[PDB]
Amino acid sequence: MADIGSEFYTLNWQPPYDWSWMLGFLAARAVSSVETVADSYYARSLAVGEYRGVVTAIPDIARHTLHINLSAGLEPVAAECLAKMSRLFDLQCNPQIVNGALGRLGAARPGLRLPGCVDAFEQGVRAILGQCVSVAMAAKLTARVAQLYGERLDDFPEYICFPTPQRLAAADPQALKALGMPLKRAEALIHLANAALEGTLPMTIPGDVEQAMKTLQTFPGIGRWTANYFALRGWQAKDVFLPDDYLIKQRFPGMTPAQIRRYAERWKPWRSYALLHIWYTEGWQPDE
């Protein structure tokens, strides 16, 4: 927890913002040796193109700003690093507009943001590896993968970079399965890893999001749900909804993934925030 660098930067955000929740969420998914999450602290390895280093982010609730510290190897691409922190944390969100449009759904915890990511591909590996297993299990799994294919930091030994598209699309489907996953999955990872490497997987949010999710589901191992969750956490698309998610339909007693799909049009263009809310707001119940 000592400064990892001499440069510090300041990112403003619009209140309200539940940082305690945000960090909780990230800490449950923290890939061991890649990220370190504490009380009001978040660190991780980071590669921006060819540059390498470490970010820490520390929230300052009273001044409503986020404090960012960069390792020296990341200084030349600080502007881009901050952009990743902004998308990781959903800092450009206008909560009044969102919670206004969520009405009653937003009232209980207005400081809910959309937990994003730093690298679209990285989220990709996660969205897959997170399939069919507890948040916690995915984390241990992702730890074993990273440790194997991750690239260590020259100046922060204790830290390792999330595996690149390069070293991962070259992974042996058999070495993957051993870390503790079906073979079919090991291939999805490799197929994804290859998409990124040509350019078939969009690294930023596409213009027609709805049409790019279509394209995604063709990928092996990637169904409607995984493609959705990925657009959300991966492209930080704010108008996305999981009518077929189980925990959701558990709140819509006896309804079709179409009876719901339409109910959630009353929350356009902020369906993603609607989704997040219903999930982490247990006391909520729909309008009959």
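Each residue number is its position in the shown sequence, starting from 1.
Higher mean CA B-factor, judged across 2-10 and 278-286 from the recorded values: 278-286. Just going by the entry, 154-162 versus 86-94 on mean CA temperature factor gives the higher value to 154-162. For the set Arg29, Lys249, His67, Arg44, the PDB entry assigns the largest Cα B-factor to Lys249.
Across the residues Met255, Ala57, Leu232, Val54, the deposited record lists the maximum Cα B factor for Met255. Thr142 sits in the middle third of its chain by CA B factor, as recorded in the PDB entry. Sorting the modelled residues of the chain by their CA temperature factor places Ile260 in the highest third. When the modelled residues of the chain are ordered by C-alpha B-factor, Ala237 sits in the lowest third. Sorting the modelled residues of the chain by their CA temperature factor places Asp172 in the highest third.
Split the chain's modelled residues into thirds by C-alpha temperature factor. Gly180 is in the highest one.
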